[PDB]
Structure formats: C-alpha cells, structure tokens
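Given next, in structure tokens, is a single chain: the form deposited in one PDB entry.
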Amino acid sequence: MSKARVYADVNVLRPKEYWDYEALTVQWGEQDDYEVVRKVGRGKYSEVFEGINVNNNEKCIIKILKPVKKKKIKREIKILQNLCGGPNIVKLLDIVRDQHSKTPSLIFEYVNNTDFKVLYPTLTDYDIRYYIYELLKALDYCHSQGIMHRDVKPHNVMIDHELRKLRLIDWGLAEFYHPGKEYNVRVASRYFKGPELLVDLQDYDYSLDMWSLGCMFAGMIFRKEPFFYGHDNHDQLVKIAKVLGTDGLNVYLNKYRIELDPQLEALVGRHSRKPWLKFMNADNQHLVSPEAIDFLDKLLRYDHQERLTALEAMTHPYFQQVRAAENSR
C-alpha cells in the first residue's frame, strides 16, 4: 500500500517506446573503434577500463558487462539513453558488441575518478554540501524522468575534487517507476538498503534513493562509513532499529500493514531512539552542524513517504550557501 508523492505519472503519460526497454533494438557500434588502455576498477557485475577512440582520440570509459540476461542490458542502456543530458548523469557514447566473449560493452565519457576512502576524509564542511547538492540535482532529474537508480552509494558517485565535478553512475540496477508496481527488493547494496527492502514492502519508489543518500550523508558528516554496518539483510534492519528506535519501526509496519517475519522481529527486539548528536566526536565535529543533522534527519525516516524528495532537499537551508553561488556565477 504505497504510491510516489511526486513524478508518479511520468511514465504513465509517456510513449510506451520510452519505458518498454524489452521492445528495444540496440544499434551496436564498431568494436574496432575502441581499445582498452588500463583497467581502472569494478562496477558490480562489470569490469571497467580507461579507453580511447573511434577518431576523436580522447579518453573514455569502457564497461564490459558481466554476461547477464539480454533483459538487464536493454534496461541499463534504455535508461541511460533517457537520462543522457540530465545534470551530472553519466553520458553513454557507444554500445559495441562483444569483442571477446559473452557480453557487449558500454562506452561512457572519461570520469576522472577519485577515491571516497581517501577523498571523503579530506572533504571540508562546504565540499560536502556542494557535492550532495550536485548529486541531488542528478537524482531529481532521473526521478523527474520516472527512473529510480536503486543503488546510490559512495562508489556510484564519482567526484573529481579537482574539477569540482560529480557524476552518478552504474544504472545497472536502475528501473522505471510505475504506480502500484511491486519490484524486487534485491537491489542496491546492503549498507544503503532502505527499510522497505528489509521489511519487504515491494511497492517502493523514487524515495528509495533518498534513503540511500541519507546513509552516505551520515557516513560523511559523522565520518563512519558505512553508517549502517549490517552483517546481512536481517542485521541491517537491526543495526538501523538500534539507531532510529523500534517505536518508529512499529508505527511504520502498522501503517503499511506489513508483518515482520518471525526470526526477524526477535533479532530486532526493542530499542529506544538514539539522538543524532550522540554520534558526534572529535573527528566529526567540524561537519556535524544542527542544519546537517536536521537535513539528515529528514532523509532517514522509516516511512519512505516521509522522506524528503530530491527537489525538496535541494531547497533545504543546509544547502543555502551552495545555491547562493549559482544565482551569481
């Protein structure tokens, strides 16, 4: 029992050719056009390398999918094609065929990539507001286009601290939102899983990405990543319940008349709420501001419907200075 408080009819008002990724036909490119130049990472069921080009001869990114169903490949490509152009979203340049074995390869643009395991700890109070903001612009866009990312995490938020640039990547788990549809809950990463996924409220929506965002943010301001250090889907809910309090979860479970399975309810037991301020400590005092906490507090709400929307969040007084810089440039 749930609907999206915003952009719900986006796909209901658009041409079937928009969200029906199955009825797609890939206009592959020439493998010859691209050559691997240096591996650079991993992207969940996909190896990634820094490559070159067709005739431009410029840096790019080659993501050789890990042979999954033809189904998910159309999905990722389609969604990327719909989001091509939006603020801070990764732009797809090509979609060649399998040079080697079993899969095709997506060609993007060079993202000078930097590390959140070393970057984040150096970020200043203002650098955060700035990037979370830029990320928000990216989320409000895909959401405005009826698409949920479903895998927001530090890793899929590549920042170029030098160019002050940010890009949202890996839309391999992304999906089109349709009113009242029940999606699978085996999405995103555990530490950023919204409670909905953990109680099995399948008719979720864009608001899922906002919870994940909240998890990143928290790990940023409190300097404790991951913030919800769960050891498995069940312990993820407990690790959360131990912070937000079980009272909140009970109200949540009733509202959506969802019954928590045995073995899960016991493992969650009953815990009081923990004031955000109790996570403050030396290493994170220069970032934990009343405004930050308030913003964080409005992102991490059991009830997905209670969470802020990408658009609402960008107007929060917390980002007030970041905004006051674009209306001046």
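All residue numbers refer to positions in the sequence shown, first residue = 1. Note that the rigid core is defined as the largest set of C-alphas that superpose within 1.5 Å between two forms.
The next section is about a form of this same protein that is not shown, the form deposited with a partner chain bound.
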Inset, instruction - Answer yes if any heavy atom of residue 300 is within 4.5 Å of a heavy atom of its partner chain in the deposited bound form; otherwise answer no. - result: no
Inset, instruction - Evaluate residue 184 for contact with its partner chain in the deposited bound form, applying a 4.5 angstroms cut-off between non-hydrogen atoms, and reply yes or no. - result: no
Legend entry - Distance check, residue 117 to its partner chain in the deposited bound form, heavy atom within 4.5 Å: yes
Legend entry - 4.5 Å heavy atom contact, residue 103 to its partner chain in the deposited bound form: yes
Legend entry - Residue stretch of 233 to 241, 68 to 76, 193 to 201, 106 to 114 approaching its partner chain in the deposited bound form, non-hydrogen atom distance within 4.5 Å: 106 to 114
Legend entry - Complete contact of 35, 49 and 162 with its partner chain in the deposited bound form (any heavy atom, 4.5 Å): yes
Legend entry - Option touching its partner chain, based on a heavy atom within 4.5 Å in the deposited bound form, out of 287, 268, 260, 64: 64
Inset, instruction - Name the residue from 97, 255, 224, 91 that puts a heavy atom within 4.5 Å of its partner chain in the deposited bound form. - result: 97
Legend entry - Listed options 98, 109, 235, 160; Cα moving by 2 angstroms or more between the shown form and the other one (core superposition): 98
Legend entry - Shift in CA distance, residue 48 and residue 99, in the deposited bound form relative to the form shown here, given it is 3 Å or more: farther
